[PDB]
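Worksheet for the structure shown next.
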Amino acid sequence: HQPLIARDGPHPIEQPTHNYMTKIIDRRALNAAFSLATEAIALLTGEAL
Amino acid sequence: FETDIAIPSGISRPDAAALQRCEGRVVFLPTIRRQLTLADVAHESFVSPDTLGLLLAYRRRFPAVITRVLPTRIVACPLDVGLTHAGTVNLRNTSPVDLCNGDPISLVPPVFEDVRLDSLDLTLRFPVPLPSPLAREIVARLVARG
Amino acid sequence: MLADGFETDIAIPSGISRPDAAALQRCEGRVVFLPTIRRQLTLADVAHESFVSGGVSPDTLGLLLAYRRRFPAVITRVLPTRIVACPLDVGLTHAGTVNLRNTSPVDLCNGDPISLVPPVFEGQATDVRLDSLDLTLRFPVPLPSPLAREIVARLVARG
Amino acid sequence: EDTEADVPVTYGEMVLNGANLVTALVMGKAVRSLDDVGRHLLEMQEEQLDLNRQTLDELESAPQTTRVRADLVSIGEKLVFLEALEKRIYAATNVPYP
Amino acid sequence: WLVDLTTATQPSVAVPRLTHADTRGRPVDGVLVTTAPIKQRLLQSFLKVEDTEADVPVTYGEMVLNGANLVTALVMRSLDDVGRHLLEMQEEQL
Amino acid sequence: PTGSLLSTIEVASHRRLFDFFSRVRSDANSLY
């Protein structure tokens with residue numbers, strides 16, 4: 001809203017107003033790599049063949 | 001709607017009597033406003049201008065007719081914004097011309113013949129409410145004299 | 001009311017895009033030439049489409065001569081479905097005060113009589129064009145009177 | 001082939017699922033006093049169900065169809081209302097019949 | 001000059017649910033971000049540490065679905081029961 | 001038909017209730 005101060009005498013200017021503001025989302029992304037060698041996956045999995 | 005022209009203090013006894021006489025008389029204000037000093041009304045605000053300088057000034061300014069006069073302030077209503085709301089405002093002749101019913105009345109600067117307040121150090125010139133078909137005559141006679 | 005004010009209703013059509021609908025709301029205090037004192041009119045009557053003569057869209061001097069054959073009105077509020085105006089020849093409002101807006105590059109002062117002039121100046125020919133309706137709205141320029149007697153004299157003496 | 005038809009009387013209504021707007025004044029800045037804007041969302045979104053549970057239960061219970069006199073002519077494989085409309089509507093009005 | 005940093009910016013629009021505050025609960029209206037040789041210089045002589053431990057929100061906010069398109073169908077039970085299926089899905093959105 | 005497939009006819013509209021109570025200055029692309 002646009003705020004109001006009242007004035008005396010004859011009424012020169014206003015009718016009460018609104019403002020509809022719209023703003024555009026800017027999208028981004030974040031990356032983080034992570035590696036595991038085959039020497040460790042055989043420990044995380046379980047039994048062998 | 002009614003404006004208030006406040007008299008500044010320091011009023012002598014004949015000076016309150018002179019402002020008491022201008023009951024139904026035309027006053028030019030600069031801008032429509034509630035608070036208004038008397039010095040913007042008076043002839044000091046017009047600087048002395050000639051008849052052409054008054055005719056220019058009587059179109060940039062906004063005329064107002066005095067209502068009742070209080071001992072502290074002059075209550076006047078303007079002829080543009082405050083008269084369409086109210087019904088009827090009395091107006092006094094300063095003219096040698098008798099007004100008839102149904103005339104359209106313009107105003108003329110005081111060419112023919114000055115309420116001066118001595119304590120306040122100002123003069124007051126007031127226009128002459130004569131009808132408009134004479135106003136295009138009386139100006140046109142006097143220009144034809146010169 | 002009947003004497004003090006007179007509200008017209010310039011109707012807005014159905015199909016209007018929002019790039020066009022958001023341009024009319026910036027046209028709040030303007031000057032609009034009604035041909036009549038009807039209470040219901042359309043934008044095809046207000047716009048420059050109805051302004052054309054038989055086939056000939058006239059220039060800035062003939063633009064004068066079809067002003068004074070019409071009725072100047074001032075927009076007072078732009079609603080989504082209609083535009084509300086007040087013709088100046090009838091009466092202003094109950095209060096008798098309608099807000100205009102400068103399109104001039106020139107300041108105004110107190111007590112100056114306003115005459116309106118076409119968009120004659122350079123850097124001034126701003127026509128609000130509505131693309132979905134093919135409508136231009138050539139808004140005139142409120143100038144002080146001692147300018148408006150110069151410009152008419154500059155245009156008449158040029159011909 | 002027929003003279004009297006069965007015709008519905010009620011108009012049709014809607015299920016409103018509208019984008020809602022919240023304006024509420026809050027006196028103070030506390031946690032429980034700012035969540036009342038959030039409660040006002042689910043207070044008003046609940047009331048849209050209270051309207052929409054009525055408008056289905058009215059249409060189930062309303063008097064649906066009445067009996068109307070109108071000409072019915074079969075052409076080919078289907079029934080058709082045959083109708084002339086310059087005596088009911090456009091009679092004694094200055095309108096051209098379209 | 002530090003007042004000219006803080007009085008050149010017009011204050012924002014949104015009021016958060018949870019506010020950064022003191023131990024007293026007095027809210028905060030901004031953040032200066034400096035470098036370490038500037039921050040440790042401003043703290044000794046120029047400025048005053050009025051509080052040391054702040055109150056900081058922990059939970060991120062979430063969303064409430066405010067209105068979405070009503071698209072259903074049923075394979076045919078009267079014809080009116082498609083409407084009573086529209087109310088089944090709005091109740092699931094509350 | 002008992003093997004048919006109905007659907008709700010949807011009316012999507014941009015109502016503007018608050019242009020009539022007060023002045024608005026919105027953008028050109030406000031799906032408000």
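Within each chain, counting starts at residue 1; across the structure tokens, chains are named A, B, ... in the order shown, with ligands numbered 1 upward in that order.
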Problem - Nearby residues (only C-alpha atoms) at most 12 Å from residue E:62, same-chain spacing under 3 positions excluded, as a PyMOL selection string - result: (chain D and resi 38) or (chain E and resi 17+59+65)
Closest atom pairs, chain A residues within 10 Å of chain C, only C-alpha atoms, as a Markdown table:
| residue | atom | partner | partner_atom | distance |
| --- | --- | --- | --- | --- |
| A:10 | CA | C:95 | CA | 9.3 |
| A:11 | CA | C:97 | CA | 9.0 |
| A:12 | CA | C:97 | CA | 7.9 |
| A:13 | CA | C:99 | CA | 7.5 |
| A:14 | CA | C:99 | CA | 9.2 |
| A:15 | CA | C:77 | CA | 9.6 |
Exercise for the section: Go through chain B and collect every residue that DSSP, computed from the backbone, puts in alpha helix (DSSP H); the answer should be as an MDAnalysis selection string. Expected result: chainID B and resid 13:21 51:60 132:145
Exercise for the section: Up to 12 Å from chain D, what residues of chain F turn up? Count only C-alpha atoms and give them as a list in words. Expected result: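 Close enough to count are residues 8, 9, 10, 11, 12, 13, 14, 15, 16, 17, 18, 31 and 32 of chain F.
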Practice task
May I have the residues of chain D within 12 Å of chain E, counting only C-alpha atoms, written as a PyMOL selection string?
Solution key: chain D and resi 12-22+26+28-61
Problem - Nearby residues (only C-alpha atoms) at most 12 Å from residue C:66, same-chain spacing under 3 positions excluded, as JSON, numbers by chain - result: {"C": [33, 34, 35, 48, 50, 51, 52, 53, 57, 58, 59, 60, 61, 62, 63, 69, 70, 71, 72, 118]}
Problem - Test item: residues at most 12 Å from residue C:134, only C-alpha atoms, excluding those fewer than 2 positions along its chain, as a ChimeraX atom specification - result: /C:15-17,20,43-44,47-49,127-132,136-137
Dump of N, CA and C atoms for the selected residues, as a PDB file, in the first residue's frame:
ATOM      1  N   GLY C  15     -11.495  -8.855 -25.623  1.00  0.00           N
ATOM      2  CA  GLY C  15     -10.162  -9.391 -25.830  1.00  0.00           C
ATOM      3  C   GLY C  15      -9.060  -8.354 -25.816  1.00  0.00           C
ATOM      4  N   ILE C  16      -8.402  -8.196 -24.669  1.00  0.00           N
ATOM      5  CA  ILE C  16      -7.317  -7.232 -24.499  1.00  0.00           C
ATOM      6  C   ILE C  16      -6.198  -7.930 -23.749  1.00  0.00           C
ATOM      7  N   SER C  17      -5.003  -7.943 -24.332  1.00  0.00           N
ATOM      8  CA  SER C  17      -3.839  -8.490 -23.658  1.00  0.00           C
ATOM      9  C   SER C  17      -3.409  -7.587 -22.509  1.00  0.00           C
ATOM     10  N   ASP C  20      -1.455  -4.561 -23.200  1.00  0.00           N
ATOM     11  CA  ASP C  20      -2.375  -3.494 -23.554  1.00  0.00           C
ATOM     12  C   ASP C  20      -3.197  -3.021 -22.358  1.00  0.00           C
ATOM     13  N   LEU C  43     -14.158   2.219 -27.254  1.00  0.00           N
ATOM     14  CA  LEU C  43     -12.817   2.701 -27.559  1.00  0.00           C
ATOM     15  C   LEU C  43     -12.599   2.922 -29.045  1.00  0.00           C
ATOM     16  N   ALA C  44     -13.376   2.261 -29.902  1.00  0.00           N
ATOM     17  CA  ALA C  44     -13.259   2.496 -31.333  1.00  0.00           C
ATOM     18  C   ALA C  44     -13.779   3.867 -31.725  1.00  0.00           C
ATOM     19  N   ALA C  47     -10.711   6.481 -30.250  1.00  0.00           N
ATOM     20  CA  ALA C  47      -9.380   6.377 -30.826  1.00  0.00           C
ATOM     21  C   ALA C  47      -9.285   7.115 -32.161  1.00  0.00           C
ATOM     22  N   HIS C  48      -8.082   7.092 -32.734  1.00  0.00           N
ATOM     23  CA  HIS C  48      -7.798   7.755 -34.000  1.00  0.00           C
ATOM     24  C   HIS C  48      -8.464   7.067 -35.193  1.00  0.00           C
ATOM     25  N   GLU C  49      -8.949   5.827 -35.030  1.00  0.00           N
ATOM     26  CA  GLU C  49      -9.706   5.161 -36.090  1.00  0.00           C
ATOM     27  C   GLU C  49     -10.971   5.926 -36.442  1.00  0.00           C
ATOM     28  N   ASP C 127       1.948   8.123 -28.747  1.00  0.00           N
ATOM     29  CA  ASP C 127       0.633   7.557 -29.001  1.00  0.00           C
ATOM     30  C   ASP C 127       0.571   6.186 -28.353  1.00  0.00           C
ATOM     31  N   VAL C 128      -0.306   6.044 -27.363  1.00  0.00           N
ATOM     32  CA  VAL C 128      -0.503   4.771 -26.685  1.00  0.00           C
ATOM     33  C   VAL C 128      -1.201   3.826 -27.654  1.00  0.00           C
ATOM     34  N   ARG C 129      -0.458   2.871 -28.203  1.00  0.00           N
ATOM     35  CA  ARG C 129      -1.002   1.955 -29.192  1.00  0.00           C
ATOM     36  C   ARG C 129      -1.328   0.616 -28.548  1.00  0.00           C
ATOM     37  N   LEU C 130      -2.560   0.161 -28.743  1.00  0.00           N
ATOM     38  CA  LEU C 130      -3.010  -1.135 -28.257  1.00  0.00           C
ATOM     39  C   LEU C 130      -2.941  -2.130 -29.405  1.00  0.00           C
ATOM     40  N   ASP C 131      -2.091  -3.146 -29.261  1.00  0.00           N
ATOM     41  CA  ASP C 131      -1.790  -4.023 -30.385  1.00  0.00           C
ATOM     42  C   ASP C 131      -2.901  -5.028 -30.641  1.00  0.00           C
ATOM     43  N   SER C 132      -3.549  -5.519 -29.584  1.00  0.00           N
ATOM     44  CA  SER C 132      -4.604  -6.509 -29.762  1.00  0.00           C
ATOM     45  C   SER C 132      -5.867  -5.912 -30.364  1.00  0.00           C
ATOM     46  N   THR C 136      -4.737   3.411 -31.685  1.00  0.00           N
ATOM     47  CA  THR C 136      -3.867   4.466 -31.189  1.00  0.00           C
ATOM     48  C   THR C 136      -4.716   5.523 -30.496  1.00  0.00           C
ATOM     49  N   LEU C 137      -4.177   6.112 -29.435  1.00  0.00           N
ATOM     50  CA  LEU C 137      -4.881   7.114 -28.637  1.00  0.00           C
ATOM     51  C   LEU C 137      -4.046   8.389 -28.606  1.00  0.00           C
TER      52      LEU C 137
END
Practice task
Write out as an MDAnalysis selection string each polymer residue whose atoms come within 7 Å of stretch 41-54 of chain E, counting only C-alpha atoms; drop sequence neighbours fewer than 6 positions from it.
Solution key: chainID E and resid 20:23
Exercise for the section: Give me, as a PyMOL selection string, the contact residues of chain A against chain F at a cut-off of 9 Å, counting only C-alpha atoms. Expected result: chain A and resi 15-22
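Across the structure, atom CA of residue B:74 and atom CA of residue B:33 are spaced 13.2 Å apart.
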Report as a tab-separated table: every residue of chain F with an atom at most 7 Å from chain E, its closest pair of atoms, and their distance in Å to one decimal, counting only C-alpha atoms, with rows sorted by chain and ascending residue number.
residue	atom	partner	partner_atom	distance
F:2	CA	E:76	CA	5.0
F:3	CA	E:76	CA	5.9
F:4	CA	E:75	CA	5.9
F:5	CA	E:75	CA	4.9
F:6	CA	E:73	CA	5.6
F:7	CA	E:73	CA	4.8
F:8	CA	E:72	CA	6.4
Same residues, N, CA and C atoms, output as a tab-separated table (two decimals), in the first residue's frame:
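Wrote it out as out-v6.tsv, contents follow:
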chain	number	residue	atom	x	y	z
F	2	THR	N	-21.24	-47.28	-20.44
F	2	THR	CA	-20.65	-47.58	-19.14
F	2	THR	C	-19.13	-47.71	-19.19
F	3	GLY	N	-18.53	-47.61	-20.37
F	3	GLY	CA	-17.09	-47.66	-20.47
F	3	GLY	C	-16.54	-46.33	-20.92
F	4	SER	N	-17.33	-45.28	-20.74
F	4	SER	CA	-16.94	-43.95	-21.19
F	4	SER	C	-16.11	-43.25	-20.13
F	5	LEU	N	-15.66	-42.05	-20.48
F	5	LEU	CA	-14.70	-41.30	-19.69
F	5	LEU	C	-15.08	-39.83	-19.73
F	6	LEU	N	-15.66	-39.34	-18.64
F	6	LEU	CA	-16.04	-37.95	-18.49
F	6	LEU	C	-14.81	-37.10	-18.18
F	7	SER	N	-15.04	-35.81	-17.92
F	7	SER	CA	-14.03	-34.87	-17.43
F	7	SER	C	-14.71	-33.58	-17.02
F	8	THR	N	-14.11	-32.89	-16.06
F	8	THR	CA	-14.62	-31.60	-15.61
F	8	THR	C	-14.16	-30.49	-16.55
Practice task
For residue C:123, work out the shell of residues within 12 Å, counting only C-alpha atoms and skipping chain neighbours fewer than 6 positions away, then give it as number ranges by chain.
Solution key: C: 103-105
With N, CA and C atoms retained, write the just-selected residues as a PDB file, in the first residue's frame.
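Output contents, as saved in selection-v2.pdb:
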ATOM      1  N   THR C 103       1.447  16.621 -19.955  1.00  0.00           N
ATOM      2  CA  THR C 103       2.232  15.959 -20.976  1.00  0.00           C
ATOM      3  C   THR C 103       3.229  16.914 -21.603  1.00  0.00           C
ATOM      4  N   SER C 104       3.153  18.191 -21.255  1.00  0.00           N
ATOM      5  CA  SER C 104       4.030  19.197 -21.797  1.00  0.00           C
ATOM      6  C   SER C 104       5.429  19.058 -21.219  1.00  0.00           C
ATOM      7  N   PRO C 105       6.419  19.654 -21.868  1.00  0.00           N
ATOM      8  CA  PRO C 105       7.707  19.867 -21.199  1.00  0.00           C
ATOM      9  C   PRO C 105       7.737  21.173 -20.419  1.00  0.00           C
TER      10      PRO C 105
END
Kindly provide the residues of chain C that approach chain B to within 7 Å, each paired with its closest atom pair and their distance in Å to one decimal, based on only C-alpha atoms, listed by chain and increasing number, as CSV.
residue,atom,partner,partner_atom,distance
C:96,CA,B:81,CA,7.0
C:110,CA,B:60,CA,6.7
C:111,CA,B:60,CA,4.4
C:112,CA,B:60,CA,6.6
Please produce a file of those selected residues containing N, CA, C and O atoms, as a short mmCIF file (atom, residue, chain, number, x, y, z; two decimals), in the first residue's frame.
data_model
loop_
_atom_site.label_atom_id
_atom_site.label_comp_id
_atom_site.auth_asym_id
_atom_site.auth_seq_id
_atom_site.Cartn_x
_atom_site.Cartn_y
_atom_site.Cartn_z
N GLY C 96 -16.41 19.97 -8.30
CA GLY C 96 -15.91 20.87 -9.32
C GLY C 96 -14.41 20.89 -9.44
O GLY C 96 -13.83 21.95 -9.72
N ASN C 110 -0.37 29.06 -11.24
CA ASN C 110 -1.73 29.28 -10.77
C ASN C 110 -2.47 30.25 -11.68
O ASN C 110 -1.91 31.23 -12.16
N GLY C 111 -3.74 29.95 -11.91
CA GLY C 111 -4.61 30.83 -12.64
C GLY C 111 -4.35 30.94 -14.13
O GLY C 111 -4.95 31.79 -14.78
N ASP C 112 -3.47 30.12 -14.68
CA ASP C 112 -3.25 30.15 -16.11
C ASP C 112 -4.37 29.41 -16.80
O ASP C 112 -4.67 28.27 -16.43
#
Problem - Proximity to residue C:6 - best of C:37, C:108, C:151, C:79, only C-alpha atoms - result: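 Ranked by minimum distance to residue C:6, first place goes to C:37.
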Problem - Separation of atom CA of residue B:56 from atom CA of residue B:145 in Å - result: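 Computing the Euclidean distance for atom CA of residue B:145 and atom CA of residue B:56 yields 21.4 Å.
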Exercise for the section: Just the residues within 7 Å of residue B:128, please, counting only C-alpha atoms, with nothing from its chain fewer than 6 positions along; format it as number ranges by chain. Expected result: B: 94-95, 107-110
Restrict the selected residues to C-alpha atoms and save them as a tab-separated table (two decimals), in the first residue's frame.
chain	number	residue	atom	x	y	z
B	94	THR	CA	-19.67	50.32	-4.87
B	95	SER	CA	-20.83	51.48	-8.31
B	107	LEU	CA	-15.62	43.49	-12.27
B	108	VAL	CA	-13.73	46.67	-13.17
B	109	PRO	CA	-10.69	48.19	-11.39
B	110	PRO	CA	-11.57	51.33	-9.39
Handout entry: One-decimal distance in Å that lies between atom CA of residue E:3 and atom CA of residue E:32
Key =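 Going from atom CA of residue E:32 over to atom CA of residue E:3, I get 11.7 Å.
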